[PDB]
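Asker: Right, I'll just put the structure down here and ask away after.
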Amino acid sequence: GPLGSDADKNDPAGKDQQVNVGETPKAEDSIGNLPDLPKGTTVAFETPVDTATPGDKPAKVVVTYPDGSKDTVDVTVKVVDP
Ligand code: NA
């Protein structure tokens with residue numbers, strides 16, 4: 001059988017973050033263990049996050065490992081009016 005992928009061997013953990021209206025969150029701030037993922041792993045939001053109004057915004061972080069395998073994490077970006 002084949003050697004497993006990076007995704008098979010890693011488990012990124014989602015993290016909620018809070019931002020103010022208008023701010024642009026970074027996908028890195030929605031992952032709680034990025035140091036434990038392989039060097040060279042990238043993280044991105046699947047879709048840009050809406051921060052034009054307050055609310056709990058669901059988002060997905062796509063975690064792409066150097067071998068091309070991927071994990072997703074479902075997270076929440078909380079937008080508040082300051
Ligand atoms: Na995984």
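Order determines the names: the first chain of the structure tokens is A, the second B, and so forth; residues in each chain are numbered 1 upward, and ligands are numbered 1 upward as they are shown.
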Can you work out which residues are within 8 Å of ligand 1, considering only C-alpha atoms and all ligand atoms, and then hand them over as JSON, numbers by chain?
Answerer: {"A": [6, 7, 8, 9, 10, 11, 12, 70, 71]}
Asker: Output C-alpha atoms for every residue in that selection, as a PDB file, in the first residue's frame.
Answerer:
```
ATOM      1  CA  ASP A   6       0.637  14.831   4.879  1.00  0.00           C
ATOM      2  CA  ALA A   7      -3.109  15.328   5.386  1.00  0.00           C
ATOM      3  CA  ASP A   8      -3.372  11.722   6.617  1.00  0.00           C
ATOM      4  CA  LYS A   9      -0.756  12.478   9.273  1.00  0.00           C
ATOM      5  CA  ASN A  10      -1.896  15.935  10.460  1.00  0.00           C
ATOM      6  CA  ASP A  11      -4.982  17.389  12.121  1.00  0.00           C
ATOM      7  CA  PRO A  12      -5.388  21.165  11.907  1.00  0.00           C
ATOM      8  CA  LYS A  70      -5.478  19.188   1.904  1.00  0.00           C
ATOM      9  CA  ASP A  71      -7.556  19.464   5.077  1.00  0.00           C
TER      10      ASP A  71
END
```
Asker: Would you mind listing what lies within 6 Å of residue A:76 as a short mmCIF file (atom, residue, chain, number, x, y, z; two decimals) with N, CA, C and O atoms, in the first residue's frame, with only C-alpha atoms counted and same-chain residues fewer than 2 positions away left out?
Answerer:
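Final output, around_24.cif:
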```cif
data_model
loop_
_atom_site.label_atom_id
_atom_site.label_comp_id
_atom_site.auth_asym_id
_atom_site.auth_seq_id
_atom_site.Cartn_x
_atom_site.Cartn_y
_atom_site.Cartn_z
N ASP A 16 -11.77 30.08 16.57
CA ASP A 16 -12.62 31.25 16.36
C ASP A 16 -11.78 32.50 16.56
O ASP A 16 -10.84 32.54 17.36
N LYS A 57 -19.84 34.94 11.40
CA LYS A 57 -19.69 34.59 10.00
C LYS A 57 -19.06 33.21 9.91
O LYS A 57 -17.90 33.05 10.31
N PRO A 58 -19.74 32.21 9.35
CA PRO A 58 -19.06 30.92 9.13
C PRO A 58 -18.08 31.04 8.00
O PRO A 58 -18.32 31.75 7.02
N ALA A 59 -16.95 30.34 8.15
CA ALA A 59 -15.89 30.36 7.17
C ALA A 59 -15.24 29.00 7.14
O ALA A 59 -15.40 28.19 8.06
#
```
Asker: Using only C-alpha atoms, find the one residue out of A:64, A:33, A:41, A:51 that sits nearest to residue A:19.
Answerer: A:51
Asker: Just the strand (DSSP E or B) stuff from chain A, please, per backbone DSSP, written as a ChimeraX atom specification.
Answerer: /A:14,17-20,31,42-45,55-64,70-80
Asker: So, with only C-alpha atoms as the atoms that count, which of A:82, A:37, A:49, A:2 lies closest to residue A:63?
Answerer: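 Looking only at the distances to residue A:63, the closest residue turns out to be A:37.
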Asker: Would you list the contacts of residue A:62 as an MDAnalysis selection string, taking every protein, DNA or RNA residue within 10 Å and counting only C-alpha atoms, but skipping same-chain residues closer than 4 positions in sequence?
Answerer: chainID A and resid 12 27 42:47 70:74
